[PDB]
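Here the structure comes first, spelled out in structure tokens, and everything after it is commentary.
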Amino acid sequence: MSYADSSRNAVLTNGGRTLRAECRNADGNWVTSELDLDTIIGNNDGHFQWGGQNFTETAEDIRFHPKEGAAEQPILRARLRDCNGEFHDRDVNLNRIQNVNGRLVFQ
């Protein structure tokens, strides 16, 4: 499924630039993994782009929701600024992020 399947203590850090979460590895051990969103997440005029990087420079009000309601769906929403210079709150499915033996990687 995703890293969320075996992740906890998932909170955004650095102002929504770092995704910190504790995910179990292939052995079952809980590993604290951190993925710089700003390193693999981009904002395309109000649209999250997996593999963009530097989205935080055009993103504001970044709030991470690892376990959304009873759905426990990891989604990240923030205000995405467009090339014109406006802002529109968007949301992205962090389910793309999986855990490989104790590491967080986007897919």
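Chain labels run A, B, ... following the order of the structure tokens; each chain numbers its residues from 1, and ligands are numbered from 1 in the order shown.
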
Exercise. Hey, what does DSSP flag as strand (DSSP E) within stretch 29-100 of chain A? Can you give it to me as an MDAnalysis selection string?
Worked result: chainID A and resid 30:36 41:43 48:50 59:68 73:80 88:93 97:99

Dump of N, CA, C and O atoms for the selected residues, as a short mmCIF file (atom, residue, chain, number, x, y, z; two decimals), in the first residue's frame:
data_model
loop_
_atom_site.label_atom_id
_atom_site.label_comp_id
_atom_site.auth_asym_id
_atom_site.auth_seq_id
_atom_site.Cartn_x
_atom_site.Cartn_y
_atom_site.Cartn_z
N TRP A 30 10.93 -0.52 13.95
CA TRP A 30 10.46 0.83 13.66
C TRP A 30 11.64 1.75 13.40
O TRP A 30 12.50 1.93 14.26
N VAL A 31 11.67 2.31 12.21
CA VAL A 31 12.74 3.20 11.80
C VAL A 31 12.21 4.61 11.57
O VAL A 31 11.19 4.79 10.90
N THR A 32 12.89 5.60 12.12
CA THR A 32 12.47 6.98 11.92
C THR A 32 13.03 7.47 10.59
O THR A 32 14.24 7.68 10.45
N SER A 33 12.16 7.62 9.62
CA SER A 33 12.57 8.06 8.30
C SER A 33 12.07 9.46 8.00
O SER A 33 10.99 9.85 8.45
N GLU A 34 12.86 10.21 7.26
CA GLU A 34 12.51 11.58 6.91
C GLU A 34 12.74 11.82 5.43
O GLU A 34 13.80 11.50 4.89
N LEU A 35 11.74 12.38 4.77
CA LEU A 35 11.84 12.67 3.36
C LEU A 35 11.60 14.14 3.12
O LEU A 35 10.55 14.68 3.46
N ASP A 36 12.59 14.78 2.55
CA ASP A 36 12.50 16.18 2.23
C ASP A 36 11.51 16.35 1.09
O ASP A 36 11.79 16.00 -0.05
N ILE A 41 9.04 17.19 -4.25
CA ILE A 41 7.68 17.68 -4.42
C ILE A 41 7.70 19.06 -5.04
O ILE A 41 8.45 19.93 -4.60
N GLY A 42 6.91 19.25 -6.08
CA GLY A 42 6.87 20.53 -6.75
C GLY A 42 5.46 21.07 -6.89
O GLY A 42 4.50 20.31 -6.81
N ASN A 43 5.34 22.37 -7.06
CA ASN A 43 4.05 23.01 -7.22
C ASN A 43 3.89 23.55 -8.63
O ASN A 43 4.61 24.47 -9.04
N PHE A 48 0.21 19.85 -7.02
CA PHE A 48 1.35 19.09 -6.53
C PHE A 48 1.92 18.19 -7.62
O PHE A 48 1.18 17.53 -8.35
N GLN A 49 3.23 18.18 -7.71
CA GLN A 49 3.94 17.39 -8.69
C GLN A 49 4.98 16.52 -8.02
O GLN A 49 5.93 17.03 -7.41
N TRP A 50 4.79 15.21 -8.08
CA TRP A 50 5.76 14.30 -7.51
C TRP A 50 7.02 14.30 -8.36
O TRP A 50 7.01 13.89 -9.52
N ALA A 59 4.64 27.38 -1.90
CA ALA A 59 3.59 26.80 -1.07
C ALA A 59 3.55 27.48 0.29
O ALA A 59 4.58 27.88 0.83
N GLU A 60 2.36 27.60 0.83
CA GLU A 60 2.15 28.24 2.12
C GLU A 60 1.11 27.45 2.91
O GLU A 60 0.47 26.57 2.35
N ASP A 61 0.96 27.76 4.19
CA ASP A 61 -0.01 27.08 5.06
C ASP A 61 0.09 25.57 4.89
O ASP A 61 -0.91 24.90 4.60
N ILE A 62 1.28 25.03 5.07
CA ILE A 62 1.49 23.60 4.89
C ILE A 62 1.14 22.80 6.14
O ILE A 62 1.77 22.95 7.19
N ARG A 63 0.11 21.98 6.01
CA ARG A 63 -0.35 21.12 7.10
C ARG A 63 -0.47 19.68 6.62
O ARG A 63 -1.18 19.38 5.66
N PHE A 64 0.25 18.80 7.29
CA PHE A 64 0.27 17.39 6.94
C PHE A 64 -0.78 16.58 7.70
O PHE A 64 -0.94 16.73 8.91
N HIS A 65 -1.47 15.73 6.96
CA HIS A 65 -2.50 14.86 7.52
C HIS A 65 -2.15 13.40 7.19
O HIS A 65 -2.62 12.86 6.20
N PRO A 66 -1.31 12.76 8.03
CA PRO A 66 -0.85 11.37 7.83
C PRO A 66 -1.97 10.35 7.85
O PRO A 66 -2.01 9.42 7.05
N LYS A 67 -2.82 10.50 8.81
CA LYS A 67 -3.94 9.61 8.97
C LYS A 67 -5.24 10.39 8.92
O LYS A 67 -5.82 10.74 9.95
N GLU A 68 -5.68 10.68 7.70
CA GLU A 68 -6.89 11.44 7.48
C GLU A 68 -8.13 10.70 7.96
O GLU A 68 -8.51 9.68 7.39
N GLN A 73 -5.71 8.14 5.66
CA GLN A 73 -5.03 8.39 4.41
C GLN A 73 -4.08 9.56 4.53
O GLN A 73 -4.48 10.66 4.89
N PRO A 74 -2.79 9.33 4.27
CA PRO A 74 -1.77 10.37 4.33
C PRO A 74 -1.87 11.32 3.16
O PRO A 74 -1.53 10.97 2.02
N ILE A 75 -2.36 12.51 3.43
CA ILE A 75 -2.49 13.52 2.40
C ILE A 75 -1.93 14.83 2.92
O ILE A 75 -2.08 15.16 4.10
N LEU A 76 -1.25 15.55 2.06
CA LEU A 76 -0.66 16.82 2.44
C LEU A 76 -1.34 17.96 1.69
O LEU A 76 -1.40 17.95 0.47
N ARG A 77 -1.86 18.93 2.43
CA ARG A 77 -2.51 20.07 1.82
C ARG A 77 -1.81 21.36 2.21
O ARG A 77 -1.33 21.51 3.34
N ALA A 78 -1.74 22.27 1.26
CA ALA A 78 -1.11 23.57 1.45
C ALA A 78 -1.59 24.54 0.39
O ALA A 78 -2.21 24.12 -0.59
N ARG A 79 -1.31 25.82 0.57
CA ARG A 79 -1.72 26.83 -0.40
C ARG A 79 -0.66 26.90 -1.48
O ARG A 79 0.48 27.27 -1.21
N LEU A 80 -1.03 26.53 -2.69
CA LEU A 80 -0.10 26.53 -3.80
C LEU A 80 -0.23 27.79 -4.64
O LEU A 80 -1.30 28.10 -5.16
N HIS A 88 -3.74 28.93 -4.01
CA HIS A 88 -4.85 28.02 -4.02
C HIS A 88 -4.51 26.77 -3.23
O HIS A 88 -3.57 26.05 -3.57
N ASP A 89 -5.27 26.52 -2.17
CA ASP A 89 -5.04 25.36 -1.31
C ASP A 89 -5.26 24.05 -2.06
O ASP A 89 -6.37 23.75 -2.52
N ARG A 90 -4.19 23.29 -2.23
CA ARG A 90 -4.28 22.00 -2.90
C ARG A 90 -3.93 20.90 -1.92
O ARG A 90 -3.52 21.17 -0.79
N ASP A 91 -4.08 19.66 -2.35
CA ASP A 91 -3.79 18.52 -1.51
C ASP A 91 -3.19 17.42 -2.36
O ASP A 91 -3.55 17.27 -3.53
N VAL A 92 -2.27 16.68 -1.79
CA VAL A 92 -1.62 15.62 -2.51
C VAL A 92 -1.65 14.32 -1.72
O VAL A 92 -1.60 14.32 -0.49
N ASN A 93 -1.77 13.23 -2.44
CA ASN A 93 -1.82 11.91 -1.86
C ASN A 93 -0.42 11.41 -1.53
O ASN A 93 0.34 11.04 -2.42
N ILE A 97 4.24 7.56 -1.28
CA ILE A 97 5.43 7.29 -0.49
C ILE A 97 5.34 5.91 0.16
O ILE A 97 4.37 5.60 0.86
N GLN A 98 6.34 5.09 -0.09
CA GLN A 98 6.39 3.76 0.46
C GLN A 98 7.64 3.60 1.30
O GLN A 98 8.55 4.43 1.26
N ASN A 99 7.68 2.52 2.07
CA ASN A 99 8.81 2.23 2.93
C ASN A 99 9.59 1.03 2.40
O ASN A 99 9.04 -0.06 2.25
#

Problem set entry | Distance of atom CA of residue A:107 from atom CA of residue A:6, expressed in Å to one decimal place | 16.5 Å

For this session: Find the distance between atom CA of residue A:52 and atom CA of residue A:69 and write it in Å to one decimal.
Result: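 Here the two named atoms are 27.7 Å from each other.
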
Exercise. If you run DSSP on the backbone, which residues of chain A are helix (DSSP H, G or I), as a PyMOL selection string?
Worked result: chain A and resi 3-6+37-40+69-71+94-96

For this session: Pick out the closest residue to residue A:44 from this set: A:4, A:101, A:83, A:70. Count only C-alpha atoms.
Result: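 Smallest distance to residue A:44 is found for A:83.
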
Exercise. Which one is closest to residue A:104: A:53, A:84, A:13, A:25? Count only C-alpha atoms.
Worked result: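 Checking each candidate against residue A:104, we get A:25 as the closest.
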
Exercise. Which of these, A:27, A:72, A:38, A:45, has the shortest distance to residue A:95 once you count only C-alpha atoms?
Worked result: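 Among A:27, A:72, A:38, A:45, it is A:72 that comes nearest to residue A:95.
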
For this session: Work out how far atom CA of residue A:26 is from atom CA of residue A:102, in Å to one decimal.
Result: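 Atom-to-atom, atom CA of residue A:102 and atom CA of residue A:26 are spaced 7.1 Å apart.
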